[PDB]
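Engineer: If you scroll down you'll find the structure; I have some questions about it.
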Amino acid sequence: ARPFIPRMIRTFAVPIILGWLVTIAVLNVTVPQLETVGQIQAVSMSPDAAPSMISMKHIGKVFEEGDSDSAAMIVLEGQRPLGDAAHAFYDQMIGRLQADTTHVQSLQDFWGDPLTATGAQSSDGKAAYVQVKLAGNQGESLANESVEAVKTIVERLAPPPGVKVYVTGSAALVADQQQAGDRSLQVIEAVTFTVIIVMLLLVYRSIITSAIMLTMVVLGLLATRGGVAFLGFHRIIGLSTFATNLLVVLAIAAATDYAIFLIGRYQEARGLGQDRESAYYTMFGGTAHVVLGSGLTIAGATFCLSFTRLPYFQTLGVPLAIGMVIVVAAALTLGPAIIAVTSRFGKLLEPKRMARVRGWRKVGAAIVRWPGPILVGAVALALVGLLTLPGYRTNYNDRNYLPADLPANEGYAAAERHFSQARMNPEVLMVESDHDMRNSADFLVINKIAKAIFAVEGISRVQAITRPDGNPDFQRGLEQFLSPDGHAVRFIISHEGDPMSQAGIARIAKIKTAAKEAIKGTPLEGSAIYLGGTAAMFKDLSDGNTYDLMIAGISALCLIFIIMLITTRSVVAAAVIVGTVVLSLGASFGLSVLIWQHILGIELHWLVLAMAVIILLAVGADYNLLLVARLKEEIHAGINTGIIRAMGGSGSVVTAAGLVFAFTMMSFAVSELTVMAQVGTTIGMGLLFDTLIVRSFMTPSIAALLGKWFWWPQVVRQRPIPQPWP
Amino acid sequence: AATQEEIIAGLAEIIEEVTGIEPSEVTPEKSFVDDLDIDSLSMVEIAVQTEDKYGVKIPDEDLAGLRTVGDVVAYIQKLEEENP
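Following this line, the structure appears as structure tokens:
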């Protein structure tokens with residue numbers, strides 16, 4: 020007479036265990052590890068449809084300088100003025116670099132030309148720089164391999180005494196970011212496992228139960244990581260460091276939460292004197308649908324996040340959903356079997372102590388007696404956090420979000436010790452015409468254009484054919708400043724101050740407008756204008772970020788509402804569940820902004836809110852869903868008593884789960900990628916606020932205030948047919 | 002109508018459900034706070050539970066001065082038997 024699914028799960032537990040173990044072993048043996056797959060299948064950080072990427076590709080194609088947008092810089096630094104031995108070392112290094120052709124596409128020589136000798140010399144003549152163009156776009160495996168090969172080639176020769184060499188640029192920074200992400204992933208896994216061990220031991224006060232929890236969590240994590248690695252091995256999807264870190268941490272935490280829910284329900288059910296079979300059936304029938312709904316909600320939120328335009332969130336989307344689906348399936352199929360097998364052995368999973376049944380009942384009584392002031396105070400507390408909105412300000416450059424011991428940072432510091440910062444990130448402008456510029460009219464036109472460019476405020480230096488620094700000897704510059712066919716010209720732009728702040732980003736439109744105005748009234752009218760550089764690359768991301776955030780955030784609410792409506796079958800309850808979290812977002816945002824920007828003195832990176840909001844909503848909906856599911860069971864005897872009974876019966880479990888999940892997510896502080904620490908801490912405080920105030924003092928108060936209208940369109944009664952005295 | 006024994010039995014069941022005290026240890030002479038060790042929130046719980054199951058409206062204003070069980074049952078029978 021028992022339900023079919025739990026009976027079949029209980030009967031065939033051992034084959035289920037054996038099949039899961041065999042599948043995990045096969046997945047972990049056949050395919051390589053997750054880190055190697057992630058390294059092989061990195062994704063480019065700039066969309067292929069961006070104007071900057073197309074412009075830079077055109078720059079490379081017209082001048083026969085390859086096709087990739089990557090670039091690297093080699094810096095020579097010494098404590099004494101450079102000498103002839105330095106020149107010999109430089110030319111032999113240049114020859115050795117030019118010997119290779121698979122990775123080094125091209126390079127420009129300026130220090131070897133007496134006409135442009137001052138272009139690379141410092142003010143005090145103690146440093147020099149050379150630009151080399153690599154193969155492959157930024158952030159993908161080809162660029163990383165090329166920069167590693169360049170470093171290997173440049174290191175194999177012993178430098179002359181008194182000088183040292185460094186490699187800078189964006190590609191080296193991205194490679195160092197990848198390596199730091201891998202090491203941070205290892206350290207984070209270790210720290211998270213330690214925290215889980217200590218917290219479970221503190222909560223349950225039994226070593227065997229904690230060992231069982233860790234068994235389930237480890238099996239689930241191994242299964243999900245093996246599945247994702249196998250899926251990514253066959254070129255199906257792309258990957259990145261952020262996706263891997265989020266997947267691992269979120270899978271561990273979700274598995275822990277599901278195990279806590281199941282075993283807490285089992286122990287509570289058994290505490291009333293029921294036998295083992297009755298407790299097993301009770302926990303299954305009371306928690307299966309809740310667990311399935313929570314898992315589907317998280318998966319749907321991640322898939323909705325996958326509807327963006329930036330490559331990072333696009334790669335974030337699918338693997339997270341696949342991992343969550345695998346984790347939920349593994350939990351639902353493996354938890355009950357392990358629990359039954361262990362419980363059949365006499366004494367393994369017996370309860371130890373009663374946690375709390377009186378305090379939560381008193382809290383429920385206080386809520387029922389005075390709902391109004393409680394709701395008003397909770398709303399005021401939610402709003403005071405959002406009050407600090409107008410102080411928000413974001414940051415863009417990743418140079419100061421990384422440890423200073425990386426080779427790229429050391430090279431940047433060495434360059435800045437003698438040179439200005441903006442000299443390391445130049446801009447390239449191309450003007451393309453339809454004829455040849457070998458007559459005085461075109462040179463004077465170029466002079467006028469250069470003067471107009473220099474007239475713009477915020478441009479430190481301009482380099483052109485007529486001004487190489489701020698007849699074969701003159702013919703040598705033609706090969707470097709004009710196309711071989713003589714149909715286009717290019718200019719080099721060096722900003723003043725930081726070339727990465729908002730002013731630098733805004734200067735691109737101004738300089739393009741100035742160039743367009745200078746073109747007007749000249750025979751070169753109708754010419755093509757192209758710009759290339761880092762600031763141009765970041766401008767497109769700055770433009771698209773807000774639209775991507777809005778489109779990703781709008782659909783998640785609708786999907787969550789639909790899922791909750793399906794699960795609970797009542798419009799008002801789902802609306803309340805969504806609205807409480809929507810209101811509570813502001814307190815978390817304000818608290819994170821206050822902690823990070825004002826006190827620590829570090830602004831927020833532009834990738835934080837997009838990943839934070841979706842996870843916050845998806846996780847925070849589950850606690851309200853569980854509370855509503857319990858209240859629906861307990862309401863049959865009356866709303867006023869039902870609220871008290873539900874609060875007493877499901878008070879401590881949600882608290883333990885919330886603290887465990889928040890403390891697991893707060894372990895990102897040890898990471899050496901400060902973006903990871905920011906995301907983890909923000910989620911931590913947000914969920915602490917959600918589990919301390921919103922879950923316990925807003926939803927029950929709203930339910931008690933609304934009464935029977937909370938379950939529209941279903942019909943319920945408040946006083947159930949009063950009975951005479953016994 | 003309602004006799005003393007029925008009201009006492011119902012109240013004892015409510016007390017046993019709420020605070021866990023055995024129903025055989027409640028008499029009208031005993032006191033809620035001095036002897037039975039019952040807090041104000043427990044009184045609110047008792048009032049809510051007895052309002053839902055059977056139906057009696059006891060405002061907190063005159064509930065504050067309600068101390069023993071004898072006055073409780075006297076109030077209950079006054080409200081019930083004397084139908085307004």
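These protein sequences, in sequence, are chains A and B.
Numbering (PDB author numbering) for the first sequence: 20 to 489, 698 to 953.
The opening position of the second sequence corresponds to residue 2 in PDB author numbering, with each subsequent residue numbered one higher.
For every residue, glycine included, the Cβ atom is placed at its ideal position computed from N, Cα and C.
(1) Buried or exposed, going by whether 16 or more other CB atoms sit within 10 Å of the CB of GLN157 (chain A)?
(2) Could you say if the region 929-944 of chain A and the region 863-874 of chain A meet the contact criterion of at least three C-beta pairs nearer than 8 Å?
(3) In chain E, which residues lie less than 8 Å from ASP53 (chain B) when you measure between Cβ atoms?
(4) With 16 as the cutoff for other CB atoms within 10 Å, does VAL395 (chain A) come out buried or exposed?
(5) With three or more C-beta pairs closer than 8 Å as the rule, is the region 774-782 of chain A touching the region 69-88 of chain A?
(6) With a floor of 3 residues, list each beta strand (DSSP E) that falls wholly inside the region 32-79 of chain B, ordered by position along the chain.
(7) Could I get the ranges of all uninterrupted alpha helix (DSSP H) runs contained in the region 729-759 of chain A, with 4 residues as the minimum, in chain order?
(8) For my contact list, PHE326 (chain A) and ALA779 (chain A) are in at a C-beta cut-off of 8 Å; report their separation, rounded to the angstrom.
(9) Where does the unbroken alpha helix (DSSP H) through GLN140 (chain A) begin, and where does it stop?
(10) With a threshold of 7 Å on Cβ separation, who are the neighbours of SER313 (chain A) within its own chain once the five nearest residues in sequence on each side are excluded?
(11) Considering only C-alpha positions, which residue in the set A:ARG21, A:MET456, A:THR30, A:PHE462 is nearest to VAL360 (chain A)?
(12) With distances taken between CB atoms, is the gap from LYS152 (chain A) to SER125 (chain A) smaller than 8 Å?
(13) Taking only beta carbons into account, state which residues of the region 21-47 of chain B come closer than 8 Å to chain A, listed in chain order.
(14) Does any CB atom of chain A fall closer than 8 Å to the CB of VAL74 (chain B)?
(15) Given a cut-off of 8 Å, decide if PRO426 (chain A) and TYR185 (chain A) are closer than it, judged by their beta-carbon atoms.
(16) Taking CB distances under 8 Å as the criterion, tell me whether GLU7 (chain B) reaches chain A.
(17) Per DSSP, what kind of secondary structure is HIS863 (chain A) in: helix, strand or coil?
(18) Within the continuous beta strand (DSSP E) that includes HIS722 (chain A), where are the two ends?
(19) Find the residues of chain B that neighbour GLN950 (chain A), judging by a C-beta separation of less than 8 Å, and give them in chain order.
(20) Rounded to whole angstroms, what's the CA-CA distance from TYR223 (chain A) to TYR420 (chain A)? Just pull it up for me.
(21) Could you check what DSSP says for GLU296 (chain A) in three-state terms: helix, strand or coil?
(22) Compare the beta carbon distance of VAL74 (chain B) and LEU67 (chain B) with 8 Å and say whether it is the shorter of the two.
(23) Since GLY200 (chain A) contacts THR243 (chain A) with CB under 8 Å, what's their CB separation in whole angstroms?
(24) Under 9 Å, CB to CB, which of the residues in the region 389-400 of chain A have a partner in chain B?
(25) How about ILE226 (chain A) and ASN264 (chain A): are their beta carbons less than 8 Å apart?
(26) Is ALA65 (chain B) close to chain A, meaning its C-beta is less than 8 Å from at least one C-beta of that chain?
(27) Is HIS308 (chain A) helix, strand or coil when you go by DSSP?
(28) Going by other Cβ atoms of all chains shown within 10 Å of its Cβ, with 16 needed for buried, is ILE862 (chain A) buried or exposed?
(29) Step through the CB atoms of chain B and report whether any lies within less than 8 Å of the CB of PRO953 (chain A).
(30) Helix, strand or coil: how does DSSP classify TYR415 (chain A) here?
(31) Tell me whether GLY489 (chain A) sits in a helix, a strand or coil according to DSSP, three-state version.
(32) List the whole-angstrom C-beta distance separating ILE790 (chain A) from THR316 (chain A), where the pair is believed to meet the contact cut-off of C-beta under 8 Å.
(33) Check the Cβ-Cβ distances between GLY71 (chain B) and every residue of chain A, and say whether any is below 8 Å.
(34) At the level of alpha carbons, what is the spacing between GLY724 (chain A) and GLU476 (chain A)?
(35) Strictly by DSSP, which residues pair up with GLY97 (chain A)?
(36) When the cut-off is 8 Å and only beta carbons count, does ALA3 (chain B) lie next to chain A?
Structural biologist: Straight from the coordinates:
(1) By one-based count along the first sequence, residue 157 (chain A) stands at place 138. Result: buried.
(2) Touching, per the Cβ criterion.
(3) Here chain E cannot be found, since the structure's protein chains are A and B.
(4) Position 376 of the first sequence, counting from 1, holds the residue named residue 395 (chain A). Around the beta-carbon of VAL395 (chain A), fewer than 16 other beta-carbon atoms lie within 10 Å, marking it exposed.
(5) Touching, no.
(6) Entirely contained in the region 32-79 of chain B, not one beta strand (DSSP E) run reaches 3 residues.
(7) Within the region 729-759 of chain A, the runs of alpha helix (DSSP H) at least 4 residues long that lie entirely inside it are, in chain order, 729-746.
(8) Counting from one through the first sequence, the residue named residue 326 (chain A) turns up at place 307. Counting from one through the first sequence, the residue named residue 779 (chain A) turns up at place 552. That belief holds up - the Cβ atoms of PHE326 (chain A) and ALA779 (chain A) are roughly 6 Å apart, short of 8 Å.
(9) As a first step, residue 140 (chain A) must be located in the first sequence, where it is residue number 121. Taken as a continuous stretch (DSSP letters only), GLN140 (chain A) belongs to no alpha helix (DSSP H), as it is neither H nor E.
(10) Here the question's residue 313 (chain A) lines up with position 294 in the first sequence. If we look at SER313 (chain A) and ignore the five residues flanking it on each side, its Cβ neighbours are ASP849, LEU852.
(11) As a first step, residue 360 (chain A) must be located in the first sequence, where it is residue number 341. Residue A:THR30 holds the alpha-carbon nearest to the alpha-carbon of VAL360 (chain A) among A:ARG21, A:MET456, A:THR30, A:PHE462.
(12) By one-based count along the first sequence, residue 152 (chain A) stands at place 133. By one-based count along the first sequence, residue 125 (chain A) stands at place 106. Taking C-beta atoms as the reference points, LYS152 (chain A) and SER125 (chain A) count as a pair closer than 8 Å.
(13) Answer set for the region 21-47 of chain B: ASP40, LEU42, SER43, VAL45, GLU46.
(14) For the purposes of this step, residue 74 (chain B) is taken as the residue at position 73 of the second sequence. In terms of beta-carbon proximity, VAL74 (chain B) stays away from the interface with chain A, with every pair separated by 8 Å or more.
(15) What you label residue 185 (chain A) is simply residue 166 of the first sequence in a count that begins at 1. What you label residue 426 (chain A) is simply residue 407 of the first sequence in a count that begins at 1. The Cβ-Cβ distance between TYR185 (chain A) and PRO426 (chain A) falls below 8 Å.
(16) Counted from its first residue, the second sequence places residue 7 (chain B) at position 6. So yes, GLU7 (chain B) belongs to the interface.
(17) In the first sequence, counting from the first residue as 1, residue 863 (chain A) sits at position 636. Look at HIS863 (chain A) here: in three-state DSSP terms it is helix.
(18) Numbered from 1 along the first sequence, position 495 holds the residue referred to as residue 722 (chain A). Note, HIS722 (chain A): beta strand (DSSP E), 715-722.
(19) Position 723 of the first sequence, counted from the first residue, corresponds to residue 950 (chain A). Contact of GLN950 (chain A) with chain B by beta-carbon distance below 8 Å involves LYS54, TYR55.
(20) As a working mapping, residue 223 (chain A) is identified with position 204 in the first sequence. As a working mapping, residue 420 (chain A) is identified with position 401 in the first sequence. In a straight line, the C-alpha of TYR223 (chain A) is about 39 Å away from that of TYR420 (chain A).
(21) In the first sequence, residue 296 (chain A) corresponds to position 277, counting from 1. It is helical.
(22) Locating residue 74 (chain B) in the second sequence gives position 73, where the first residue counts as 1. Locating residue 67 (chain B) in the second sequence gives position 66, where the first residue counts as 1. Not closer than 8 Å, so no.
(23) Position 181 of the first sequence, counted from the start, is the residue given in the question as residue 200 (chain A). Position 224 of the first sequence, counted from the start, is the residue given in the question as residue 243 (chain A). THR243 (chain A) and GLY200 (chain A) do not touch by the CB rule: their CB atoms are close to 19 Å apart, not below 8 Å.
(24) From the region 389-400 of chain A, no residue has a Cβ closer than 9 Å to chain B.
(25) Position 207 of the first sequence holds residue 226 (chain A). Position 245 of the first sequence holds residue 264 (chain A). Not a contact, by the Cβ cut-off of 8 Å.
(26) Indexing the second sequence from 1 puts residue 65 (chain B) at position 64. Using beta-carbon distances, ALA65 (chain B) does not count as an interface residue toward chain A, since no partner is under 8 Å.
(27) Residue 308 (chain A) sits at position 289 when you count from the first residue of the first sequence. In the structure shown, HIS308 (chain A) sits in a helix (DSSP, three-state: H, G or I).
(28) Working through the first sequence from its first residue, we reach residue 862 (chain A) at position 635. Taking all protein chains shown into account, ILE862 (chain A) has 16 or more neighbouring C-beta atoms within 10 Å of its C-beta and is therefore buried.
(29) As a working mapping, residue 953 (chain A) is identified with position 726 in the first sequence. When Cβ-Cβ separations below 8 Å define contact, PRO953 (chain A) makes contact with chain B.
(30) If you number the first sequence from 1, residue 415 (chain A) lands on position 396. It is coil, neither helix nor strand.
(31) Within the first sequence, the letter at position 470 stands for residue 489 (chain A). Note: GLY489 (chain A) maps to coil in three-state DSSP.
(32) Locating residue 790 (chain A) in the first sequence gives position 563, where the first residue counts as 1. Locating residue 316 (chain A) in the first sequence gives position 297, where the first residue counts as 1. Their Cβ separation, rounded to whole angstroms, is 5 Å, which keeps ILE790 (chain A) and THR316 (chain A) in contact under 8 Å.
(33) Locating residue 71 (chain B) in the second sequence gives position 70, counting from the first residue. Output row for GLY71 (chain B): interface = no.
(34) For the purposes of this step, residue 724 (chain A) is taken as the residue at position 497 of the first sequence. For the purposes of this step, residue 476 (chain A) is taken as the residue at position 457 of the first sequence. A straight-line Cα-Cα distance of about 12 Å links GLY724 (chain A) and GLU476 (chain A).
(35) For the purposes of this step, residue 97 (chain A) is taken as residue 78 along the first sequence, with counting starting at 1. In the DSSP output, where bridge partners are listed per residue, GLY97 (chain A) has A:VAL182.
(36) On the second sequence, position 2 is the one that residue 3 (chain B) refers to. Under the Cβ distance rule, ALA3 (chain B) counts among the residues neighbouring chain A, one pair being separated by less than 8 Å.
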